[PDB]
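Keep in mind that the numbers below use all heavy atoms, side chains included, and drop hydrogens, waters and symmetry copies. We name chains A, B, ... by the order of the sequence lines, and we start the count at 1 in each one.
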Amino acid sequence: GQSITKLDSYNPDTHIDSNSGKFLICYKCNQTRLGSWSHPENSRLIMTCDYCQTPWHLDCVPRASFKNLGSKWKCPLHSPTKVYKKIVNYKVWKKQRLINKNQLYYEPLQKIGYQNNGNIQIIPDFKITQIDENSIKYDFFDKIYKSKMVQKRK
Amino acid sequence: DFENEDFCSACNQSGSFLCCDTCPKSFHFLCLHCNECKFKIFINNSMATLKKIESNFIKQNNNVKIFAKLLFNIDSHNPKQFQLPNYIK
Amino acid sequence: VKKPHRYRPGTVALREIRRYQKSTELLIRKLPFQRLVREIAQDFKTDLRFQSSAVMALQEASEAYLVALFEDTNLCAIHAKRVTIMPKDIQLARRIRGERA
Amino acid sequence: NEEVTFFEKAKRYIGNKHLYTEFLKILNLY
Amino acid sequence: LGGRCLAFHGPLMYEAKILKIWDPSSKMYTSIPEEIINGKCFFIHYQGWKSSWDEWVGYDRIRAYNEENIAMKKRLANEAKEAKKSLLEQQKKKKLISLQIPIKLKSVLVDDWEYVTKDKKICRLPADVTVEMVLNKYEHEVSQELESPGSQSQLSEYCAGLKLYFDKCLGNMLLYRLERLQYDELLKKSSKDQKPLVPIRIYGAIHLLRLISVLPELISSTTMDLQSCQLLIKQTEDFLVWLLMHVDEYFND
Ligand SMILES: [Zn+2]
Ligand SMILES: [Zn+2]
């Protein structure tokens, strides 16, 4: 009933938030399922992401087992690192590796343009650009709108 | 005892001008320690403080982000006479 | 800008000497010694049971013997103008006692 | 109207601010 | 709560673990000197030390456990040991970018310079068409076709920055030798009226063109990235085009 053996018994009902004692709620179903010791079949396995401690149901992010080994599990809720693109034109995009605090954050003047590669440091020569919040809104807004007008052009 | 310049540093014309006590530069009453030397005394010749104030004011005025540093430059640099485009020279 | 209060080496050792010569409780942990006793006995007869009193008697005898041996060892270490006991000290103590050949 | 409501609804449904920042990063890749 | 942090004591850092976090608003601690009781302070147990040294510390004396603060702690230790070595040595010693502009506007401004310096003329006092009016019209009509919030935000920021430029640089480097006396009269009138001088509402589009002409050096004297330089240069050229379409309305005498 212990280890990878969180698949053999209702014994690991302690998928309750350890630090707070509250219930680890999965991001998709938005509920925690544990049933009872008299109805262990109603419990649904839950796991916490290794990177950001967001709980997920194994049945919500389709999975067959807890990792417990190999690499650190990552939610489907994090941003990609490799962004393989086909336009074959298999152009690769990788997020620059984290640099020692050599690291630079040169402040924008914001608004449209300012084409960063993909690197960003959200703010209220491997220069991590500092895009704040509203710039993203406007950039997506005009991307999708000017693309729709381009489609109109076609 | 640096001798102050006999021509205004802003228009390069001779006349009645006020002389800066920390540099030879002198300025006409109509062209206005100088602003540059005032800012120097404020910064105490510390480039780190200069950069920290730079970031601070760039931050506070988010509406004129595109020209923040040049706004700085106006308030730190002494006036000089206007020139037509020197594309020739 | 403060430094913690580190006792000079040899101070806490003396405090421990006083504490453990003042007391009488057994110094070896009971379960590990019981497991050792059973493992050693396994080589003379299998499926042996031990009265808890038997294991306690063995532990008392062993601890007393080891304490006496360490007293003799310390005496030899001091005899060599040392303060640290070394395996050669234990060997000499046992050899003089007549235990080791 | 709808645009000036989408990100405000998202900042609610996604809750945790860190998840929202990751959402904005994913959006900025696009 | 319970996280690692670096705390001030003297000129040196020390790793510590937070045991209690104090919330002055609710008057409670999650598990005090008056000078920090008002603000959010923290009870910390220092790494490598006994419990007797646990203390409450405010935000001033604490720093997050990150690479930057660790490096700064190492620098503090290094400078401290260097200072101690220097003091010991002293005691021992005691013991013994380009921009493109249309040539029609070049002719306009050359004619202006002839008028001012050679013909001894000056711009009329507050102009029938002010720079603020010109910029407002430019913004209003340039983007009137449709709504593109991002591009319109760019244009609005540009126009506001140009207004600030006029109001910060007229008296600085947008005036001739002869215009200085008129500027003095204007500022004396403002002082008598107790109203600050605002060039945009008084001076004309010719001075705005002067500002565009002198822009490239200022732009070259910035920290702005290359892309920002290209962006505002493109918008400056678009403004040049739009005002050239209106050259006669603002520059014909
Ligand atoms: Zn995650
Ligand atoms: Zn779920």
Pairs where residues 8-45 of chain A contributes a residue and the test ring pair (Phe, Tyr, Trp, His ring centres under 6.0 Å) is met, not counting sequence neighbours: A:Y27-A:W56

query: Can you name the side-chain contact (heavy atoms from CB on, under 4.5 Å) partners of A:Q31, sequence neighbours left out?
result: A:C29, A:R33

field: A:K28 atom NZ, neighbour heavy-atom count above 12 within 6.0 Å
entry: no

If the cut-off is 3.5 angstrom, what donor-acceptor pairs do you find between chain A and chain E?
unit_1: A:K101; atom_1: N; unit_2: E:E67; atom_2: OE1; d: 3.0
unit_1: A:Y106; atom_1: OH; unit_2: E:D225; atom_2: OD2; d: 2.9
unit_1: A:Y114; atom_1: OH; unit_2: E:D225; atom_2: OD2; d: 3.3
unit_1: A:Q115; atom_1: N; unit_2: E:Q227; atom_2: OE1; d: 2.8
unit_1: A:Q115; atom_1: O; unit_2: E:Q227; atom_2: NE2; d: 3.2
unit_1: A:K146; atom_1: NZ; unit_2: E:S148; atom_2: OG; d: 2.8

message: Filter on ring pair (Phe, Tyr, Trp, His ring centres under 6.0 Å), then keep only pairs touching residues 82-101 of chain A, sequence neighbours left out; what's left?
response: none

query: Has A:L104 got more than 12 heavy atoms of other residues, nucleotides or ligands less than 6.0 Å from its CG?
result: yes

field: Heavy atoms of other groups near E:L87 CG, more than 12 under 6.0 Å
entry: yes

